[PDB]
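If you read the sequences in order, they're chains B and C.
The opening residue of the first sequence carries number 2 in the authors' numbering; numbering runs sequentially from there.
FYI, in the authors' numbering the residues of the second sequence are 2 to 488, 492 to 677.
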Amino acid sequence: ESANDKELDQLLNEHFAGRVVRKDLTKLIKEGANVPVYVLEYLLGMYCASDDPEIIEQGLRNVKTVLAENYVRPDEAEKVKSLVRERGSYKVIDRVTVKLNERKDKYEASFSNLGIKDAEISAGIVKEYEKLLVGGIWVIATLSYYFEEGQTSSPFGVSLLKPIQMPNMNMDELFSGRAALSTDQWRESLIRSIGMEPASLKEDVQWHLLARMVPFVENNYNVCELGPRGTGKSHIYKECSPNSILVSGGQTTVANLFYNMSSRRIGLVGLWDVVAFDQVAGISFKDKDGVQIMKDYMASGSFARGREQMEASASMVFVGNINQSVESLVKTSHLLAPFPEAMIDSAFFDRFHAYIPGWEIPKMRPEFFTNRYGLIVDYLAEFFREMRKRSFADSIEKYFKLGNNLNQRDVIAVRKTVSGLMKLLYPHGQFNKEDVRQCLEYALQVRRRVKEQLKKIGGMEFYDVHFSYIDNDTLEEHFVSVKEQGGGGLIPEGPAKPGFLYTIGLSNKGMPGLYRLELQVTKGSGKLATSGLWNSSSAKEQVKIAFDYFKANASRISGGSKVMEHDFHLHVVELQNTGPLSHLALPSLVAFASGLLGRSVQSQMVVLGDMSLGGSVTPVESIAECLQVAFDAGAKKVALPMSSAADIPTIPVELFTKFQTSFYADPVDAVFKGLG
Amino acid sequence: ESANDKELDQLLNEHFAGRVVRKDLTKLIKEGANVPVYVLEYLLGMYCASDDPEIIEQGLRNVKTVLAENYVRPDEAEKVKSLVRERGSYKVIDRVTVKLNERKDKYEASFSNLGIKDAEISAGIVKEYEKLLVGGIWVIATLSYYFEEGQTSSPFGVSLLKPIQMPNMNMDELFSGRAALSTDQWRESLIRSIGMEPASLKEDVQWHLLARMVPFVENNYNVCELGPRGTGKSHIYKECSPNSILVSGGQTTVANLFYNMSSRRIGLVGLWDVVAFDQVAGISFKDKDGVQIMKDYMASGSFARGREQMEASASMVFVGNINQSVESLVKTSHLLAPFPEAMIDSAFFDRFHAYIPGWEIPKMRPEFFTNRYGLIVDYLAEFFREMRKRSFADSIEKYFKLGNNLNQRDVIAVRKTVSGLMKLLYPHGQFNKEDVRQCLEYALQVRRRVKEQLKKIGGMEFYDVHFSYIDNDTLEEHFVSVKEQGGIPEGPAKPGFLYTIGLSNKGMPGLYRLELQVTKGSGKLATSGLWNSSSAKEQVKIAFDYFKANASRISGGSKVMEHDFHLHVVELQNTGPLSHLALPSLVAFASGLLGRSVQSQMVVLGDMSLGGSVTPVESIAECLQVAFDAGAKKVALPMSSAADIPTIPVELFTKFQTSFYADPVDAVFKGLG
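Next comes the structure, spelled out in structure tokens:
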């Protein structure tokens, strides 16, 4: 693949000019070089001619010589001014920002290090390099000193000005270059440009790394990434981007972050494209409302502060370190456990457009640091800033429709993540159905993870976690799962928690399907709540009939427990995707009884049959297929109605031998058999 | 339906030509745009000619191109200035305000995003668009630069300027359009005008949506709304109105909200028509007098700061999230437990002109968003702003009088809410009696909810919660219930609770709850909730007199003359006033005085005269059916009513433990067990 790497290299060089550099060489210079990384990369690229080892060493020495010659320390600032005054001219490497003084009608340059804030600069220079007027750029400048008695202008002037970072972007050339590369090659280049080696990483790791780069290209893209220490979470936001900030500690005051009423200056969010809170273990505010103002901002993208409502395009990223195992946190808690208590709220975490699963990222080891060609970090960041202005959210509706389990906020999050990934991988705008399918699958997964955490932390509101999408041509519905949860494993071995049971029923399509009934019992007034029923009216009537029978027969079952003093929520989970179920009165009643008494349903036990309001039990239709499903789903015990008894001979012998079979008579007997 | 939808579309296109648009296409632009929505509305109004899909798509392309080309990023702001200088002139999109520099006698425009504060603009441009002088409007401007050495004025000048908001308001045309439409059509169009699907919502949700709009038309009209997340409470105040501001977090200093003495400038309450405090759970003012100033402003519409009293017409809205169930919150502190403890004060909540039950509204779902024609958001906001100037609270005196339960604050609140609804639905001023009937019922109900909550906080001082209105023609007094909250429990309650069933004034069987509170006193009797009925008060007096007469037979030594009794009637089915209340009142007095809880799930039937003669239960079968519906397990009946037992259905009768007394004292004995 090294030869393929060389064809990649020449595909770069054909279209990507010196804006491609060898990454390893930067690791040779960044030993304390005071200029930022992208400055070093640009200089090395513009002093790297033909990659001859002698030429590499020569250019490396030239870059080091220039840096050691023309740099000025802050405290030495006064010194350099004298050198300008004595010599009449002096070269300096510094970050210059240009402003227009309309009062004097001229261009005034300001240096970060030297502290000069009124250096006269000609209009031609600023016309050539417009970035000076935007945020200021690193530059090599030839300052000249000329003073006239009684003058008002600062005597310092700028004569020759050569940028040290890429000033202007030819986006069309990049479109042509990307068109010249395959998708795999382009993804490899993107992974390389941040200093990572695609050959040392699985494709899933590559997609997660691209998800890390999503916030740089999508507006108001809130995202949180939690992982084990040392997985390279905070590298990109702090070193490999000039328009992102890594707020260390998370402790920033409201007037700092959003808007200072006294000084009437916008906070961070109006200045940086990405604001990354480096830690989450300790975020606790001086002002109680900081969480609330973040909630509003991430909700709408605009906040009212003082006398005005102001917009902002900063994407907030939250980086977190986990000391526990993933399974421990999932089983004993919710994955948002490391976040501070004052931040643990459904209304807050609902706004996150993505939960990056950082733990699948391997802990970084010098193998993953690539030594091949890659785009300059400056060029990559200019790519990101340019792509923030465009949009690709409409690509989803062209080939797919979002399922019924996505409320409006999940829709927004999925569209944003898909648009971001499309911008990274297909900037030129040419894409197929498969590509959108892959991006949509990834987006649905990452949003679903937040949805599951919201479910566990918030209860009633977030049980619609069955994220799926509908094809526009075959109308086939594809479901997407998260690996920290299950998938298959239809009925696990061992005792289930009370209130959870499994049933098999005939769906709307007539094919037997497994369902799981989950009952949540809390203190209340006997109110019954429903979820997961596919909005089926007949199913809701069945639930009402079952709960009415439970209310009428509470004494005959519980022997003293009061249903009137506890509220129940029944959730239906479909594990085979056959369709909505109507025959559910008996399993729902068994779930009610199990939850009220707190008795675990027998392990691997399937409850069949249906019951009416009068307490009559009904035969199980297509009982042989239902029992075959139970065998397939992992059942070992079955409760069958005595009415289905005449249907026993139709069942194959080897199939029927697999059940510790129970035959109930009336719904209360079925409850007792289920409870053992 | 669909035919009605289409004909409404041509009606909107006819009477509101150039002011309506398919609002679905707007969400096709919103995502990739920082500009406020109403500006997009106006631009699409300008760049869209008809319903040709090609025309629509090409106009969308044109609008996107315009916005991409001529928007000014704040960070990019300085760049634009240089571009003006080098090219002589440059076109920008920005929000412009104008002030008259009287020292130079010239008009200076301020570009809020660009950073220019004193750009010279000619008097003609000022005179063409007076909206520039009020709060500044979003315009497309042609900046020009012209500098001569030694000059003192700002070298930036504006040559061409076109507004991107509705510049002028023609409410004569609006009245024409409203008169040309039915009330249902007008309400449905208003609901469409905020982007919601009218057909997908119930009438009650539509009325609550209109109650959301009310603060935009009535001065100083406070309102509080708590509800589940995702109902779009904050959408209207934050995006669909240039005359509203959503203060985030509730944390605001009195200097910014009301008046800054250092700058001698009025706060938000003088600048915006609607100030909405989001997520009220975080409200807390640094200065303790802040709550005092809020109370003063909300009570009087003006506040005194230092030595000066200053007026303001801002309408305050308080939106909040509910994290519990609806019913669970009812048994919490009241309903506004979500409100901060520093704001939990009876005098504070007494000012809220309205509670909006945000919980009943279904959570926002994409099929609730309309795709049909609706008024431009800017047009609707200007409509609201102009309608703020009128008054319609006098409409009730034309047809109805208020009840006697309403104090002056409740009277003011109900008049304000009636006026707001009346302005929203009938700006043209032509209306009938039934329309005012509906609006007045809504206003009374929403005020009554606040009254119930404030009663739950304060105890006795706010007891008159039985708000009602009297017709001027039939003199029939109609009572309004909280319905939602006003939906037999379980187990014996404390003495003084009982549930009775009787035929209301309409002749319909209904359930009522009797409440007795007994304190140390002198045999005095107090009554409440009796619908102000002279007859019902008469039977209560009859029952109290009979209880006083036969106190020895029932109490066995307890003295009626040493204790004061207060009775309360609560109608839980809204069937109407009940007159047959003597026997339940007697059982109430007996339970309260003896301190004995009545038997659980028992409903007492029948009535008695002053002499103790028991009357047969009218509509015995229907009353028993009502008892079964409400959850009654035991029933007490007169002996003479047993003759009507053969008229009772078997299945209905088998559900109760039926008790037959003989005289009222035996009824007491059966009730108390």
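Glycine is no exception: its CB is placed at the ideal position from the N, C-alpha and C atoms.
Contact set between residue i and chain B, taken where Cβ atoms lie within less than 9 Å
{"i": "residue 246 of chain C", "result": "305, 308, 309, 310"}
{"i": "residue 365 of chain C", "result": "408, 409"}
{"i": "residue 679 of chain C", "result": "Any answer about residue 679 of chain C is impossible in this case: the structure gives chain C only from 2 up to 677."}
{"i": "residue 131 of chain C", "result": "Residues of chain B passing the Cβ test: none, with the nearest at roughly 22 Å."}
{"i": "residue 87 of chain C", "result": "124, 128"}
{"i": "residue 435 of chain C", "result": "Going along chain B, no residue has its Cβ under 9 Å from residue 435 of chain C, so there is no contact; the nearest lies around 35 Å."}
Beta carbon proximity, residue i to chain B, threshold 8 Å
{"i": "residue 156 of chain C", "result": "yes"}
{"i": "residue 322 of chain C", "result": "yes"}
{"i": "residue 60 of chain C", "result": "no"}
{"i": "residue 144 of chain C", "result": "no"}
{"i": "residue 70 of chain C", "result": "no"}
{"i": "residue 515 of chain C", "result": "no"}
{"i": "residue 583 of chain C", "result": "no"}
{"i": "residue 279 of chain C", "result": "yes"}
{"i": "residue 342 of chain C", "result": "no"}
{"i": "residue 328 of chain C", "result": "yes"}
CB contact check: residue i to chain C, cutoff 8 Å
{"i": "residue 35 of chain B", "result": "no"}
{"i": "residue 127 of chain B", "result": "yes"}
{"i": "residue 541 of chain B", "result": "no"}
{"i": "residue 100 of chain B", "result": "yes"}
{"i": "residue 565 of chain B", "result": "yes"}
{"i": "residue 301 of chain B", "result": "yes"}
Run of the alpha helix (DSSP H) containing residue i, from where it starts to where it stops
{"i": "residue 549 of chain C", "result": "538-553"}
{"i": "residue 622 of chain C", "result": "Note, residue 622 of chain C: premise wrong, no alpha helix (DSSP H); not H, not E."}
{"i": "residue 201 of chain B", "result": "That residue, residue 201 of chain B, is in no alpha helix (DSSP H); it is neither H nor E in DSSP."}
{"i": "residue 442 of chain C", "result": "434-459"}
{"i": "residue 8 of chain B", "result": "3-16"}
Proximal chain C residues relative to residue i, where beta-carbon distance stays under 8 Å
{"i": "residue 392 of chain B", "result": "32, 33"}
{"i": "residue 423 of chain B", "result": "None at all; the shortest Cβ gap to chain C is about 14 Å."}
{"i": "residue 271 of chain B", "result": "75, 76"}
{"i": "residue 469 of chain B", "result": "None at all; the shortest Cβ gap to chain C is about 16 Å."}
Contacts that residue i makes with chain C (C-beta to C-beta distance below 9 Å)
{"i": "residue 262 of chain B", "result": "254, 257"}
{"i": "residue 297 of chain B", "result": "235, 239, 247, 249, 250, 279, 280"}
Chain B contact residues for residue i, given Cβ-Cβ distances below 7 Å
{"i": "residue 283 of chain C", "result": "289, 290, 293"}
{"i": "residue 230 of chain C", "result": "348"}
Beta-carbon separation (whole angstroms), residue i vs residue j, contact threshold 8 Å
{"i": "residue 193 of chain B", "j": "residue 23 of chain B", "result": "Their Cβ separation, rounded to whole angstroms, is 10 Å, which puts residue 193 of chain B and residue 23 of chain B out of contact at 8 Å."}
{"i": "residue 241 of chain C", "j": "residue 38 of chain C", "result": "6 Å"}
{"i": "residue 699 of chain B", "j": "residue 601 of chain B", "result": "This structure leaves residue 699 of chain B out entirely; chain B is present only between 2 and 677."}
{"i": "residue 520 of chain C", "j": "residue 571 of chain C", "result": "5 Å"}
7 Å Cβ cut-off: residues of chain C touching residue i
{"i": "residue 134 of chain B", "result": "79, 80, 83"}
Run of the beta strand (DSSP E) containing residue i, from where it starts to where it stops
{"i": "residue 493 of chain B", "result": "From DSSP, residue 493 of chain B is part of no beta strand (DSSP E); its letter is neither H nor E."}
{"i": "residue 163 of chain C", "result": "157-164"}
{"i": "residue 179 of chain B", "result": "Counting along the chain, residue 179 of chain B falls outside any beta strand (DSSP E), though it belongs to the alpha helix (DSSP H) covering 172-180."}
{"i": "residue 184 of chain C", "result": "That residue, residue 184 of chain C, is in no beta strand (DSSP E); its alpha helix (DSSP H) goes 184-193."}
{"i": "residue 663 of chain B", "result": "661-665"}
{"i": "residue 95 of chain C", "result": "90-102"}
{"i": "residue 465 of chain C", "result": "Looking at the DSSP string, residue 465 of chain C is not in any beta strand (DSSP E), and its letter there is neither H nor E."}
{"i": "residue 310 of chain C", "result": "309-312"}
*When the Cβ atoms of the segment 586-603 of chain B are set against those of the segment 562-573 of chain B, are three or more pairs found closer than 8 Å?*
yes
*Below 8 Å, can you find three or more Cβ-Cβ pairs linking the segment 205-214 of chain B to the segment 300-310 of chain B?*
no
*Between the segment 250-261 of chain B and the segment 213-225 of chain C, do at least 3 Cβ pairs fall closer than 8 Å?*
By the Cβ criterion, the segment 250-261 of chain B is not in contact with the segment 213-225 of chain C, since fewer than three pairs of Cβ atoms, one from each stretch, lie closer than 8 Å.
*Are the segment 199-207 of chain B and the segment 415-431 of chain B touching by the rule of at least three beta carbon pairs closer than 8 Å?*
No: the two stretches stay apart, fewer than three of their Cβ pairs being nearer than 8 Å.
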